[PDB]
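Only one structure is covered here, and it is reproduced in the block below.
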Amino acid sequence: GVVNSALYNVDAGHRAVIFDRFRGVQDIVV
Amino acid sequence: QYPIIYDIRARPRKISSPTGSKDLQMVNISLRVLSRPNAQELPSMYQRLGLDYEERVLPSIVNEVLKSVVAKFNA
């Protein structure tokens, strides 16, 4: 549920970069 | 602190390369290499090795090694 819908893939070693629908691949360490 | 999966396991990887030696030849280099990951180093292996690292990475290493041994004239 919200653990991966509202919260990013915050599991040890993982990364989930922001694709902005209106701006593209937000090249951010997130 | 989410769990990390490695399965730090010794597998008997059967490696086969036709490499001759310094000279050309059809030499079936069969090296069954029993191998593990460096459990003594550090967690970052998960990014690189992850799971099934044996057949992932080590069969490329063994090819470089058998060249440094066999392809240098050992066979």
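By convention here, the chains of the structure tokens are called A, B, ... in the order presented, each chain's residues are numbered starting at 1, and ligands are numbered starting at 1 in the order presented.
Every protein or nucleic acid residue with an atom no more than 12 Å from region 18-26 of chain A, counting only C-alpha atoms and leaving out same-chain residues fewer than 3 positions away, appears here: residues 8, 9, 15, 29 and 30 of chain A.
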TODO: Write out as an NGL selection string all residues of chain A that backbone DSSP assigns to strand (DSSP E).
DONE: :A and (19-20 or 24-25)
For the selection you just gave me, I'd like the residues written to a file as a JSON list (two decimals), in the first residue's frame, keeping N, CA, C and O atoms.
```json
[["chain", "number", "residue", "atom", "x", "y", "z"],
["A", 19, "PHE", "N", 10.95, 10.73, -11.75],
["A", 19, "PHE", "CA", 10.52, 11.14, -13.09],
["A", 19, "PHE", "C", 9.37, 12.11, -12.91],
["A", 19, "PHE", "O", 8.30, 11.74, -12.43],
["A", 20, "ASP", "N", 9.59, 13.36, -13.31],
["A", 20, "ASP", "CA", 8.57, 14.41, -13.24],
["A", 20, "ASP", "C", 7.76, 14.38, -14.53],
["A", 20, "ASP", "O", 8.30, 14.63, -15.61],
["A", 24, "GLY", "N", 10.44, 15.75, -16.78],
["A", 24, "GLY", "CA", 11.40, 14.73, -17.16],
["A", 24, "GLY", "C", 12.18, 14.17, -15.98],
["A", 24, "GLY", "O", 11.84, 14.34, -14.81],
["A", 25, "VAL", "N", 13.29, 13.51, -16.32],
["A", 25, "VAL", "CA", 14.07, 12.76, -15.34],
["A", 25, "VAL", "C", 14.80, 13.74, -14.43],
["A", 25, "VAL", "O", 15.81, 14.33, -14.82]]
```
- [ ] Tell me which protein, DNA and RNA residues are within 6 Å of region 14-18 of chain B, counting only C-alpha atoms, leaving out same-chain ones fewer than 2 positions away, and put them as a list in words.
- [x]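 Here the answer would be residues 26, 27, 28, 29, 30, 31 and 32 of chain B.
Applying a distance limit of 9 Å to only C-alpha atoms, the residues of chain B near chain A read residues 1, 2, 3, 4, 44, 46 and 47 of chain B.
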Go ahead and write the selection's residues with C-alpha atoms as a JSON list (two decimals), in the first residue's frame.
```json
[["chain", "number", "residue", "atom", "x", "y", "z"],
["B", 1, "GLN", "CA", 17.26, -1.33, 7.84],
["B", 2, "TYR", "CA", 15.72, -3.54, 5.15],
["B", 3, "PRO", "CA", 17.13, -7.10, 4.85],
["B", 4, "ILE", "CA", 19.82, -7.72, 2.20],
["B", 44, "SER", "CA", 28.22, -2.82, -1.06],
["B", 46, "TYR", "CA", 24.73, -6.14, -2.99],
["B", 47, "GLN", "CA", 24.87, -3.29, -5.53]]
```
Task: For CA of residue 69 (chain B) and CA of residue 51 (chain B), the interatomic separation in Å (one decimal) - done: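 Pair CA of residue 69 (chain B) / CA of residue 51 (chain B) returns 28.4 Å.
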- [ ] Name all residues at most 10 Å from residue 39 (chain B) (count only C-alpha atoms; drop same-chain ones fewer than 4 positions away) and give them as a VMD selection string.
- [x] chain B and resid 6 8 to 9 43 45
TODO: Tell me, as number ranges by chain, which residues lie within 8 Å of region 54-62 of chain B, counting only C-alpha atoms; anything in the same chain fewer than 6 positions away does not count.
DONE: B: 11, 13, 15, 35-37
With N, CA, C and O atoms retained, could you export that selection as a short mmCIF file (atom, residue, chain, number, x, y, z; two decimals), in the first residue's frame?
```
data_model
loop_
_atom_site.label_atom_id
_atom_site.label_comp_id
_atom_site.auth_asym_id
_atom_site.auth_seq_id
_atom_site.Cartn_x
_atom_site.Cartn_y
_atom_site.Cartn_z
N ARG B 11 29.79 -22.28 -4.99
CA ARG B 11 29.27 -23.06 -6.09
C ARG B 11 30.40 -23.61 -6.95
O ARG B 11 31.43 -22.94 -7.12
N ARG B 13 31.32 -23.98 -10.15
CA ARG B 13 31.10 -23.46 -11.49
C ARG B 13 31.94 -24.19 -12.53
O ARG B 13 33.16 -24.00 -12.58
N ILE B 15 33.53 -24.32 -15.82
CA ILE B 15 33.94 -23.35 -16.82
C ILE B 15 34.59 -24.09 -17.98
O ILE B 15 35.41 -24.99 -17.75
N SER B 35 33.61 -21.60 -5.53
CA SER B 35 33.82 -20.18 -5.21
C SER B 35 32.65 -19.55 -4.46
O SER B 35 31.49 -19.95 -4.62
N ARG B 36 32.98 -18.50 -3.66
CA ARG B 36 32.14 -17.71 -2.75
C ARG B 36 32.28 -16.20 -2.99
O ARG B 36 33.14 -15.79 -3.79
N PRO B 37 31.48 -15.35 -2.34
CA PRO B 37 31.77 -13.91 -2.33
C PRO B 37 32.51 -13.50 -1.06
O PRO B 37 32.47 -14.19 -0.04
#
```
Open item on the list: I'd like the contact shell of region 70-74 of chain B - 10 Å cut-off, only C-alpha atoms, skipping same-chain residues fewer than 6 positions apart - returned as a ChimeraX atom specification.
Closed with: /B:19-24,27,29,63-64
Could those selected residues go to a file with C-alpha atoms, as a PDB file, in the first residue's frame?
```
ATOM      1  CA  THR B  19      41.466 -21.386 -25.617  1.00  0.00           C
ATOM      2  CA  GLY B  20      44.677 -22.942 -26.883  1.00  0.00           C
ATOM      3  CA  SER B  21      47.849 -21.409 -25.475  1.00  0.00           C
ATOM      4  CA  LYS B  22      50.429 -19.030 -26.844  1.00  0.00           C
ATOM      5  CA  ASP B  23      49.786 -21.085 -30.006  1.00  0.00           C
ATOM      6  CA  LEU B  24      46.385 -21.902 -31.509  1.00  0.00           C
ATOM      7  CA  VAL B  27      41.822 -26.983 -25.881  1.00  0.00           C
ATOM      8  CA  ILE B  29      39.814 -25.839 -20.622  1.00  0.00           C
ATOM      9  CA  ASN B  63      38.211 -16.455 -18.455  1.00  0.00           C
ATOM     10  CA  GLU B  64      40.656 -13.618 -17.816  1.00  0.00           C
TER      11      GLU B  64
END
```
Open item on the list: I need the residues of chain A that end up classed as alpha helix (DSSP H) by DSSP on the backbone, written out as a PyMOL selection string.
Closed with: chain A and resi 2-5
